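One chain is shown next in structure tokens, namely the form deposited without uracil (URA).
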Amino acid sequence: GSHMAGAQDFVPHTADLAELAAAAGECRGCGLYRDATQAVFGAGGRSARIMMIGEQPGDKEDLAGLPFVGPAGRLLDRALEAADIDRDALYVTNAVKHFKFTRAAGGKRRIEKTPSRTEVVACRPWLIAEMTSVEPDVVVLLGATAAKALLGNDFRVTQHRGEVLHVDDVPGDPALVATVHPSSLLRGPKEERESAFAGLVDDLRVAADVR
């Protein structure tokens, strides 16, 4: 096998977020563009100092064209308010920008499926473009896929959670904070979810206090 070009062929020579988001709908960097409605790019402006990265769009994100609009987005807004963070002062995006899903005989119309490492690596040039555009001071990695996208396939959020990290190789050398994805707070033991929500708030407060 070989290392793929992925999305790089499709990223234009621009740091403008609107031009990048329009170009991302034309991306064929992996197979996910085929069945998805549209690219789900980031939301926010280049003056943000804090960038947050999730895994991929969900069903409602794919329909709306923006990240974190489903129930996960409600929980994200709850956490952000608890951490004194204005959502529109952030740039929020996802490691993978087309909805990966399965249809099914019966049941839900579209069932989210985990992006493979190949798709995360293929879509990573868009992340690099976004970080070049926004020049964030701190990046919050919401969940295991977003964290692995910038920190390595073998990165474990449980090993480093809440730490303020630096990778050798991300534009602008922001501080990075790996934390829980808000969707994980929709399922699991109730008191573990409340503990993990508190910890998410802690990690967000830490990210916002990074100078």
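Start at 1 and count along the sequence shown; that's the residue number.
Another form exists, solved in complex with uracil (URA); not displayed. Remarks below refer to it.
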Superimposing the pocket C-alphas so that uracil (URA) sits as it does in the entry with it bound, and applying the rule of 3 or more atoms within 2.4 angstroms of backbone or C-beta atoms, the verdict is open
Check: Are any of the heavy atoms in residue 42 no more than 4.5 Å from a heavy atom of uracil (URA) in the entry with it bound?
Finding: no
task = Give a yes or no for residue 148: in the entry with it bound, does one of its heavy atoms lie within 4.5 Å of a heavy atom belonging to uracil (URA)?
result = no
Residue 174: touches uracil (URA) in the entry with it bound, heavy atom cutoff 4.5 angstroms: no
Partner contact check in the entry with it bound: of 43-51, 148-156, 161-169, 60-68, the stretch with a heavy atom within 4.5 Å of uracil (URA) is 60-68
Those residues of 175-191 with a non-hydrogen atom no more than 4.5 Å from uracil (URA) in the entry with it bound are 181
